[PDB]
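> Quick one, what's the 3D model for this:
(chains A and B)
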2 protein chains.
Amino acid sequence: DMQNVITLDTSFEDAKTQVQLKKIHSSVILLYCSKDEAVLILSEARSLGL
Amino acid sequence: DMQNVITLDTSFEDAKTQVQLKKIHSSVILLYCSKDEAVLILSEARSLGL
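Numbers count the residues shown, from 1 in each chain, chains lettered A, B, ... in the order given. You can find the structure just below:
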């Protein structure tokens, strides 16, 4: 079963990306973005306990 | 039936609040601040997904 799919169109601002990452709660997460984008995406995940 | 409760007491840094407000904050969140402190906390919540 594939759960909700979230796309972070904005530049990780307005905390909507935080809302999308908080909505999903699973043991397996698939991330697909640029290197620099993932650099701070992982930091946001760490700050969100992911 | 009392659900899970997490108490948070810290400053406005260290990327707090959102660490625990992922699966325990679905319903009403209680704020225990003063006037200016509550204003700052609610500004941070507005800047976040709360």
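
> how about the strand or helix carrying residue A:43: buried residues?
Element membership for residue A:43 (DSSP states H and E) is helix A:35-47. By 16 or more other Cβ atoms under 10 Å in any protein chain shown, the buried positions in helix A:35-47 come out as A:41, A:44, A:47. For the C-beta atoms, the positions are set from N, CA and C on the backbone; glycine is no exception.

> what does stretch A:20-36 give?
A:20-22.

> Distance to chain B and secondary structure added to these, as CSV?
Conversion of the buried residues of stretch A:20-36 to CSV gives the following (distance: Cβ to the nearest Cβ, whole Å; DSSP: H, G, I helix; E, B strand; the rest coil):
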residue, distance to chain B, secondary structure
A:20, 9, helix
A:21, 9, helix
A:22, 5, helix
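
> Residues contacting stretch A:15-33, please?
Applying Cβ atoms under 8 Å, 6 or more residues apart in numbering or on different chains, the contact partners of stretch A:15-33 are A:3-4, A:6, A:8, A:10, A:38, A:41, A:44-45, A:48, A:50, B:18, B:22-23, B:47-49.

> could you redo the last one with a cut-off of 10 Å?
A:2-12, A:37-42, A:44-45, A:47-50, B:18, B:21-23, B:25, B:45-50 (Cβ atoms under 10 Å, 6 or more residues apart in numbering or on different chains).
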